[PDB]
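Colleague: Below you'll find the sequence and an experimental structure to go with it.
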Amino acid sequence: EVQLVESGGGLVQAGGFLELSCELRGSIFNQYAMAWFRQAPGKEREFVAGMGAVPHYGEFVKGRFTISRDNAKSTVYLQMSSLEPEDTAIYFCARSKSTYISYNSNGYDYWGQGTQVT
Amino acid sequence: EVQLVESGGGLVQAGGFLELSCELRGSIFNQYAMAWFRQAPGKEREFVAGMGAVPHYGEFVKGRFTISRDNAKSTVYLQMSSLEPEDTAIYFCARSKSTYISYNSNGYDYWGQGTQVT
Amino acid sequence: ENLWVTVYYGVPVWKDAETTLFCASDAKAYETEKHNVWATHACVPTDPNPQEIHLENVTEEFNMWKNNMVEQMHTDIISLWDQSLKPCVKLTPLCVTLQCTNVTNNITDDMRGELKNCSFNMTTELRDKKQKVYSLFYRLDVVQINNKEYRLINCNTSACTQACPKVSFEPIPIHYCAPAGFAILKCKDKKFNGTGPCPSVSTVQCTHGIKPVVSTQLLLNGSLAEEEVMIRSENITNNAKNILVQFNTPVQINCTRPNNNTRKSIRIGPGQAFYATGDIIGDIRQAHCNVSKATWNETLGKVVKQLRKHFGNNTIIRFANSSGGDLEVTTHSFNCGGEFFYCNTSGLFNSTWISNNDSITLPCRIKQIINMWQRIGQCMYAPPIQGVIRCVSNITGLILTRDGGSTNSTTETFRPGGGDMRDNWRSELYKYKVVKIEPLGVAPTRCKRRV
Amino acid sequence: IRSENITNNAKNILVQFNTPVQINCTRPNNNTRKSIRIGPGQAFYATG
Amino acid sequence: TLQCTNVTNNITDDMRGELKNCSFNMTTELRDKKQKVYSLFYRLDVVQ
Amino acid sequence: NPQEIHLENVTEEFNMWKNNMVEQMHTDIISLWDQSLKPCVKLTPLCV
Amino acid sequence: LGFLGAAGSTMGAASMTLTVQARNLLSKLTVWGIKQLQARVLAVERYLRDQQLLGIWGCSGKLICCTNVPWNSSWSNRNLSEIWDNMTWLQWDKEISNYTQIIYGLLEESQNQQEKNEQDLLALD
Amino acid sequence: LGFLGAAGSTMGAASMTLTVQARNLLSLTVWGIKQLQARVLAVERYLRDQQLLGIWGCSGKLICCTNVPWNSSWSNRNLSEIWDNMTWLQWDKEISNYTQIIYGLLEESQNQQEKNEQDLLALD
Amino acid sequence: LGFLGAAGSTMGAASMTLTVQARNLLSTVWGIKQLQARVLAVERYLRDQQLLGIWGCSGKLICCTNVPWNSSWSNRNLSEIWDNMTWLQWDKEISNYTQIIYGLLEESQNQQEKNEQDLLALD
Ligand SMILES: *[C@@H]1O[C@H](CO)[C@@H](O[C@@H]2O[C@H](CO)[C@@H](O[C@@H]3O[C@H](CO[C@H]4O[C@H](CO)[C@@H](O)[C@H](O)[C@@H]4O)[C@@H](O)[C@H](O[C@H]4O[C@H](CO)[C@@H](O)[C@H](O)[C@@H]4O)[C@@H]3O)[C@H](O)[C@H]2NC(C)=O)[C@H](O)[C@H]1NC(C)=O
Ligand SMILES: *[C@@H]1O[C@H](CO)[C@@H](O[C@@H]2O[C@H](CO)[C@@H](O[C@@H]3O[C@H](CO)[C@@H](O)[C@H](O[C@H]4O[C@H](CO)[C@@H](O)[C@H](O)[C@@H]4O)[C@@H]3O)[C@H](O)[C@H]2NC(C)=O)[C@H](O)[C@H]1NC(C)=O
Ligand SMILES: *[C@@H]1O[C@H](CO)[C@@H](O[C@@H]2O[C@H](CO)[C@@H](O[C@@H]3O[C@H](CO[C@H]4O[C@H](CO)[C@@H](O)[C@H](O)[C@@H]4O)[C@@H](O)[C@H](O)[C@@H]3O)[C@H](O)[C@H]2NC(C)=O)[C@H](O)[C@H]1NC(C)=O
Ligand SMILES: *[C@@H]1O[C@H](CO)[C@@H](O[C@@H]2O[C@H](CO)[C@@H](O[C@@H]3O[C@H](CO)[C@@H](O)[C@H](O)[C@@H]3O)[C@H](O)[C@H]2NC(C)=O)[C@H](O)[C@H]1NC(C)=O
Ligand SMILES: *[C@@H]1O[C@H](CO)[C@@H](O[C@@H]2O[C@H](CO)[C@@H](O[C@@H]3O[C@H](CO)[C@@H](O)[C@H](O)[C@@H]3O)[C@H](O)[C@H]2NC(C)=O)[C@H](O)[C@H]1NC(C)=O
Ligand SMILES: *[C@@H]1O[C@H](CO)[C@@H](O[C@@H]2O[C@H](CO)[C@@H](O[C@@H]3O[C@H](CO)[C@@H](O)[C@H](O)[C@@H]3O)[C@H](O)[C@H]2NC(C)=O)[C@H](O)[C@H]1NC(C)=O
Ligand SMILES: *[C@@H]1O[C@H](CO)[C@@H](O[C@@H]2O[C@H](CO)[C@@H](O[C@@H]3O[C@H](CO)[C@@H](O)[C@H](O)[C@@H]3O)[C@H](O)[C@H]2NC(C)=O)[C@H](O)[C@H]1NC(C)=O
Ligand SMILES: *[C@@H]1O[C@H](CO)[C@@H](O[C@@H]2O[C@H](CO)[C@@H](O)[C@H](O)[C@H]2NC(C)=O)[C@H](O)[C@H]1NC(C)=O
Ligand SMILES: *[C@@H]1O[C@H](CO)[C@@H](O[C@@H]2O[C@H](CO)[C@@H](O)[C@H](O)[C@H]2NC(C)=O)[C@H](O)[C@H]1NC(C)=O
Ligand SMILES: *[C@@H]1O[C@H](CO)[C@@H](O[C@@H]2O[C@H](CO)[C@@H](O)[C@H](O)[C@H]2NC(C)=O)[C@H](O)[C@H]1NC(C)=O
Ligand SMILES: *[C@@H]1O[C@H](CO)[C@@H](O[C@@H]2O[C@H](CO)[C@@H](O)[C@H](O)[C@H]2NC(C)=O)[C@H](O)[C@H]1NC(C)=O
Ligand SMILES: *[C@@H]1O[C@H](CO)[C@@H](O[C@@H]2O[C@H](CO)[C@@H](O)[C@H](O)[C@H]2NC(C)=O)[C@H](O)[C@H]1NC(C)=O
Ligand SMILES: *[C@@H]1O[C@H](CO)[C@@H](O[C@@H]2O[C@H](CO)[C@@H](O)[C@H](O)[C@H]2NC(C)=O)[C@H](O)[C@H]1NC(C)=O
Ligand SMILES: *[C@@H]1O[C@H](CO)[C@@H](O[C@@H]2O[C@H](CO)[C@@H](O)[C@H](O)[C@H]2NC(C)=O)[C@H](O)[C@H]1NC(C)=O
Ligand SMILES: *[C@@H]1O[C@H](CO)[C@@H](O[C@@H]2O[C@H](CO)[C@@H](O)[C@H](O)[C@H]2NC(C)=O)[C@H](O)[C@H]1NC(C)=O
Ligand SMILES: *[C@@H]1O[C@H](CO)[C@@H](O)[C@H](O)[C@H]1NC(C)=O
Ligand SMILES: *[C@@H]1O[C@H](CO)[C@@H](O)[C@H](O)[C@H]1NC(C)=O
Ligand SMILES: *[C@@H]1O[C@H](CO)[C@@H](O)[C@H](O)[C@H]1NC(C)=O
Ligand SMILES: *[C@@H]1O[C@H](CO)[C@@H](O)[C@H](O)[C@H]1NC(C)=O
Ligand SMILES: *[C@@H]1O[C@H](CO)[C@@H](O)[C@H](O)[C@H]1NC(C)=O
Ligand SMILES: *[C@@H]1O[C@H](CO)[C@@H](O)[C@H](O)[C@H]1NC(C)=O
Ligand SMILES: *[C@@H]1O[C@H](CO)[C@@H](O)[C@H](O)[C@H]1NC(C)=O
């Protein structure tokens, strides 16, 4: 059974540092790409960062965040740096339907429970 | 069905450059060697060049010609250079019965139709 | 009145089952052996005029979305590609400090920085000697490591393999046949939407030849619909699911790579040869594809009509280009004549449809080192092809994604996106299914065994 | 006490007893792993 | 070849010379570039 | 002492030239040599 | 009608041509190499289990096989001509699907019982 | 006397020893796998023949005559000489053309008996 | 008594449970170890099945024959064989003179082969 389990649980102040983790259980890790989505209160899901064979970052990233995947543990790790106050949102983990990363939410079929980072 | 198809030939001025070719279709390329035989008008077939794992040349070539095999398309070439006027003849393509090359005409079993080079 | 059980063998009954299917290929390609990535030489020859026989009065339920024989076809292509690359060169010594400069051989304004002329040191036949050699690389396959020093794009992650220059990526049809005791039931129903009963069903020896064409948006060279354009989706109301569209009449696409490329041999080492790109003969021009404006527009007119059935008579249908993401999903990716194309389809998908001669030239880009869809890791390197490439193909369908929008919008916007390659063959195996024959049914009759 | 030939000292003796006796093994060091890139797709896991 | 020195950070008496701090050139992902790296090795895994 | 059983009062046609089972022996010996040389060491470094 | 063609025809009609179904039950390493062999071995196992199961009943190669075990009413409790002139095999397999294993054990009981009775009747004389 | 020993003898002598041939119809590296293909093939060929016998009126008889009448056109000669002067190898070549149509005749004859037996045991 | 529980029961008692052993005789390091195991089971099943077939009983599971029982093999009372003693003990006792019996058992069906297809011929 495919399932995604998140971590991180951000409670840091401005200019903080975190490392969100997302483990893939019921599927092959080297067969799909995984990306991070974000939901500020009263808004819609937005693309943050994702990586299959190549990494992609959102426009608001401006090179602060960084994604990596450790195939040994079947996890994708998102470094967080220079967290401005406007980052307060729920960071979701999703698995793509293929090995390629899109910027739209229609490209993913499994989603994480969610992590509220403030 | 082992079949030999050739190319090349036609007029060239003395001292010119010509390249001949002959591909093997119905059998494995890396199991048999190839040879070039020329029959001058009224004479008998004489060995010109042939390569298995080692290139061999006739006594009259005098280092002008050059034979190679390209395993990708299973074709044997013959880079004729400094073509003297005494080289005019019908040039045949022959498949050897083994990986080895013989200077005699009965070390081969499949022959090409011919190609006049004048 | 007494009754006893009776045993009947060779009884027609079946049940949906999971099994391993083997290959059958036509013998027309047996001559001129060569070699294929799909290795149909070992694929057993098929039987001429196979037993395609109708079954009357039988109703069978199909479901193309949870169908078997698509997951195990996915693995077959992955495994069939693996054993093709095993015996081929490993370009482990290829990525070193290059020294590249732009190509300026009478280039055009479109192909400005897209070609780099690189030189590097390589070992000769002797391990004690190096020599300088040069090759042409596309801009998409190199990065700066600052300057004018580069490296290959994908050797800080992995190492690339050189597709032996004999294996032939050209797809050929493949018939998937079941073993004795198993049968394949084909749905002949014209208005089949992928799910539900198929009142017109038959059983066949095994499937028609299915050419495996790996492609994103605009799956090509596939099977055509019978009398209308069919929109099939696992769940229409769910925006997260793809929409597989198959239209009856094909629209022709002419894709060419105008550059007269040449092939050069560079010696990696003893027994190892690298196929490079020598100086380009002639002029430089962007690769492109061509489709008719008339043919494409009428086809979209048919697709919009069919889309209104599932979305409403009084609705605005809008087409827009890809959302944005990885290059192998934002463009029409495909393989043509041994080279890999990435075509910008913004000129096709841009239109709005109200409820009440010339062609389209869509530019394309080329790559030599490709991240294979088989795995997230290993790549491969496609050697250059001699001459000028040109292939004509049929567009037989689409893969769409509907933009998510709130209620009362009255405007549905669809985007193109291929992504998963399982959809490429799910469009061809929607008809078929596998069942296991279950003889030995027991029934009563007015008969007693002798004593 | 199980032995192929109890009188042949060259034959090992296997002992199997009723109640297990617990053994607690630990490496007290807090070890940090370091990754070194040997080559393309090759990584050496050293000790920091 | 490895240039090695004993590790000693208020080390316990039982571990006087059990560990070595070894440094050595190493090849990168680019063939024509080298790198200097270090690793900790147990004495049983290195020979002078 | 394999049971070579003589077949009497029966004639049979033979042809050693279009015979199979020499092409099978040829393919066998090639394959048997191929796997015999797989574990052996190569001599690429000797090219100096 | 070459194979399974009588699926929609009636159980009586389908039972007239059973040998058609019977016959189509046995007919470098590359990917297709293993998939072919796994197919060939699988067919043999499935064919031999049906023959063995028939063998342990009182009929080995009969292909229409009467027994001594009565038809318990609860299984189908419906008149004979209905299930032979108005119903097909595919529908009939659904009605008694739960009750196939219990009948199979009964057939084993009646065959073993029948064998010794045959044995004993050959010893008294 | 042994395997195929009666190959050159007439049919009458060949039929005396039919079990000698029946017994010998079933009995990581590139040599073993060549055996695996051989071992799977042996059962496949053996089971095809046995299944063909079963659908006829005989499962393990080793001699099996049917109620389909022999068409004289197939052979056109005396019984007393084919069984005392002809061998099986000679017979196959002549009747090869008149085969695979006889098999269909044997297939049909058994099915009707199965139904007639089904019918006969119902009228009691 | 699910597979071989009658192994220690008397010979007579063990013959009641014969189908029980019958149905159980036929039902990438591990990829080939699983493959080779399945083919071996099939061949052994057909060896004993064909061996029965050459005699006049293929699907019987208990089969009489026209072969007198030499008193040398057993020379023991028939009562104690089926009333005290077991198939395990019996296979060891007959182990010496068993391959002779298989050959004779083929002769009787060979003697029937001398007799089968003549009665129907002279009708
Ligand atoms: C990618 O980059 C590589 C390397 O940078 C380029 O390869 C070189 O390209 C240059 C330019 O075309 C070549 O130089 C030309 O060589 C011709 C052949 O003669 C050479 O070789 C002979 C021996 O065979 C020598 O005796 C001779 O000196 C040359 O070295 C010359 O005929 C050319 O002459 C041209 O320029 C002179 C002025 O210098 C004029 O008078 C002539 O009329 C003529 O116009 C020229 O010198 C060079 O040989 C190539 N190889 C190397 C190793 O440098 C690729 O061309 C480039 N590709 C692309 C697509 O940009
Ligand atoms: C969709 O289907 C169409 C046809 O159904 C298909 O078009 C085919 O494309 C291939 C490759 O582009 C063509 O094959 C080439 O044909 C030309 C002549 O037109 C030859 O000169 C070529 O020979 C070169 O390549 C060979 C193989 O590497 C070499 O051995 C040779 O030496 C040459 O270098 C090559 O054979 C083919 O002819 C067409 N067929 C038709 C009917 O147009 C199209 O490619 C398919 N689309 C996709 C995406 O697969
Ligand atoms: C061996 O050395 C390790 C290296 O430090 C030790 O790990 C330390 O463990 C303590 C106790 O859990 C941590 O202190 C907590 O820190 C969190 C915040 O940490 C967050 O960020 C780090 C960044 O790496 C991340 O790894 C964490 O998961 C968290 O996301 C506080 O919220 C807690 O209140 C508490 O202070 C240290 O942060 C952690 N060190 C490092 C560098 O992460 C480990 O305990 C040592 N083991 C032994 C047996 O001595
Ligand atoms: C293998 O090489 C590729 C290409 O060099 C690496 O991807 C690149 O990684 C660098 C990280 O140094 C990225 O640069 C970053 O850019 C942002 C701005 O977008 C900047 O703010 C950061 O500080 C950082 O410099 C770069 O974007 C990225 N992509 C490309 C095309 O260069 C890749 O990471 C390497 N492999 C591994 C495992 O790291
Ligand atoms: C691998 O190495 C061998 C040995 O060097 C190469 O064979 C050599 O090939 C060259 C031409 O490429 C020959 O040179 C010619 O020699 C004739 C002799 O009369 C001379 O008249 C010509 O002017 C020219 O110099 C050379 O003789 C030949 N070696 C021998 C011993 O005959 C072979 O070509 C190499 N293969 C590859 C693929 O590099
Ligand atoms: C189990 O181990 C015992 C050893 O404790 C084996 O008994 C030993 O058997 C060997 C057989 O060669 C005896 O060797 C003999 O020694 C005498 C001198 O005492 C010599 O004159 C003979 O020529 C021969 O070499 C050995 O003495 C004897 N030792 C004992 C302590 O018994 C025994 O065979 C092993 N196996 C079993 C089933 O017990
Ligand atoms: C094992 O040996 C290596 C190499 O000698 C050691 O690496 C270096 O260790 C020093 C501290 O021990 C690190 O800090 C440096 O300290 C000097 C002190 O003057 C300071 O001036 C420098 O600015 C720097 O802060 C140094 O960064 C580190 N070098 C590297 C490349 O890692 C290592 O500490 C030794 N470890 C053990 C356990 O023995
Ligand atoms: C595909 O066709 C099937 C049958 O034609 C549809 O199944 C029925 O759909 C209607 C309305 O959509 C439902 O009321 C029924 O309950 C469905 N039947 C069953 C058995 O579930 C199916 O909806 C069609 N799919 C699409 C996407 O149009
Ligand atoms: C695709 O269509 C374009 C049309 O823009 C073609 O480009 C023209 O090709 C002709 C052919 O000789 C030239 O004369 C023109 O100069 C080209 N440009 C224009 C603007 O017409 C292109 O060749 C077509 N390619 C394919 C593969 O069909
Ligand atoms: C695909 O082609 C379209 C043009 O049809 C590109 O869109 C243009 O992009 C330029 C770049 O800034 C803009 O100035 C134009 O206004 C755009 N025009 C249209 C109609 O969109 C598009 O960028 C191309 N795709 C990619 C990935 O480059
Ligand atoms: C594209 O589609 C057309 C028709 O949809 C194909 O043309 C048919 O090809 C088949 C088999 O080659 C023939 O039996 C038909 O007679 C053809 N019909 C027509 C109208 O041409 C065509 O082969 C497909 N492929 C390409 C490259 O055009
Ligand atoms: C294991 O048990 C067996 C049987 O209980 C022992 O075998 C007998 O042991 C006695 C005394 O040791 C000998 O006199 C007999 O000759 C043995 N019989 C056989 C058949 O070997 C055996 O000795 C025991 N072994 C151990 C190590 O305890
Ligand atoms: C580094 O470790 C080595 C290995 O234990 C030490 O070598 C021994 O050191 C002790 C203590 O001085 C001497 O008694 C031994 O004779 C040494 N052994 C040998 C073979 O010479 C070495 O002294 C350590 N050095 C440092 C600076 O810690
Ligand atoms: C790699 O190892 C070599 C050899 O140990 C180092 O090169 C020289 O080492 C000697 C003695 O340690 C020094 O005196 C030299 O100065 C070193 N050469 C240079 C150019 O510094 C080298 O430093 C090591 N590191 C690297 C990155 O090569
Ligand atoms: C082959 O030919 C010989 C010679 O005729 C045959 O031997 C005869 O066999 C019959 C069989 O009963 C005897 O009646 C004859 O007396 C034998 N002939 C002689 C001269 O003794 C033999 O049977 C033929 N077939 C085989 C297989 O040997
Ligand atoms: C192509 O480039 C060459 C330079 O090598 C130049 O001489 C030539 O004029 C160019 N072609 C055209 C049509 O200008
Ligand atoms: C080469 O092309 C690039 C385009 O990527 C451009 O920026 C650069 O100015 C050109 N010239 C040189 C010398 O790099
Ligand atoms: C289709 O999706 C919608 C929303 O995503 C959901 O409510 C509905 O139950 C789905 N249909 C099926 C058949 O699962
Ligand atoms: C002992 O060494 C460790 C090594 O990191 C250091 O952290 C610690 O402060 C040292 N303690 C004393 C008392 O020197
Ligand atoms: C299908 O049903 C009709 C009516 O019950 C019947 O006449 C017909 O024979 C059936 N089809 C077949 C193949 O028997
Ligand atoms: C079986 O009984 C029902 C009872 O009403 C009857 O209607 C039906 O006709 C019977 N079956 C046949 C074949 O007549
Ligand atoms: C016998 O064969 C002849 C042709 O040789 C054919 O005309 C005739 O119908 C056949 N008769 C039977 C009963 O098979």
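Modeller: Happy to help now that I have it. Residues are numbered from 1 along each chain as shown, chains lettered A, B, ... in the order given. Ligands and ions are numbered 1, 2, ... in the order given.
Colleague: Could you list every helix and strand in contact with whichever strand or helix holds residue C:122?
Modeller: Using DSSP states H and E, residue C:122 sits in strand C:115-123. Counting contacts by 3 or more CB pairs under 8 Å, 6 or more residues apart in numbering or on different chains; DSSP states H and E, strand C:115-123 packs against strand C:98-102, strand C:130-138, strand C:243-269. C-betas here are computed from N, CA, C, even on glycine.
Colleague: how about the first one: buried residues?
Modeller: Same thing as strand C:98-102. C:98, C:100 (16 or more other CB atoms under 10 Å in any protein chain shown).
Colleague: Now the residue nearest the centre of chain A: phi and psi?
Modeller: Central residue of chain A (CA atoms, centre = their mean): residue A:36, 2.2 Å from the mean position. With angles defined as degrees, to the nearest 10, residue A:36 sits at phi -110, psi 130.
Colleague: And residue G:70, by the same measure?
Modeller: Per-residue torsions, residue G:70: phi -80, psi 160 (degrees, to the nearest 10).
Colleague: can I assume it is in contact with residue C:6?
Modeller: No. If you go by CB atoms under 8 Å, residue G:70 and residue C:6 don't touch, sitting 11.7 Å apart.
Colleague: which of the residues in the helix or strand hosting residue A:23 are buried?
Modeller: Residue A:23 belongs to strand A:17-24 when elements are defined using DSSP H and E. The neighbour-count check on strand A:17-24 (16+ other CB under 10 Å) flags A:18, A:20, A:21, A:22, A:23, A:24 as buried.
Colleague: just the residues you listed now: which is nearest ligand 7?
Modeller: Nearest to ligand 7 out of the buried residues of strand A:17-24 is residue A:18 (CB to the nearest ligand atom; 25.8 Å).
Colleague: and the residue nearest to the closest one when sequence neighbours are not counted, what does it touch?
Modeller: Among residues not flanking residue A:18 along the chain, residue A:80 sits closest, at 4.0 Å (CB to CB, 6 or more residues apart in numbering or on different chains). Applying CB atoms under 8 Å, 6 or more residues apart in numbering or on different chains to residue A:80 gives the contacts A:8, A:10, A:16, A:17, A:18, A:19, A:20, A:64, A:65, A:87, A:117.
Colleague: Can you tell me the strand partners of the helix or strand harbouring residue A:80 and which way each runs?
Modeller: According to DSSP H and E, residue A:80 maps onto strand A:75-81. Partners of strand A:75-81 in the sheet, by DSSP bridges, are strand A:17-24 (antiparallel), strand A:66-70 (antiparallel).
Colleague: Of all the ones you listed, which one comes closest to residue C:303?
Modeller: strand A:17-24 (35.8 Å; CB to CB).
Colleague: Residues touching that closest one, excluding its own?
Modeller: By CB under 8 Å, 6+ apart, strand A:17-24 touches A:2, A:4-8, A:10, A:12, A:32, A:34, A:36, A:73-81, A:83, A:91, A:93, A:95, A:112, A:115, A:117.
Colleague: Could you find the closest non-adjacent residue to the one residue in the stretch 201-350 of chain C that gets nearest to ligand 8?
Modeller: Per CB to the nearest ligand atom, residue C:236 is where the stretch 201-350 of chain C lies closest to ligand 8, at 4.8 Å. Nearest residue to residue C:236, sequence neighbours excluded (CB to CB, 6+ apart): residue C:310, at 4.9 Å.
Colleague: No further questions, thank you.
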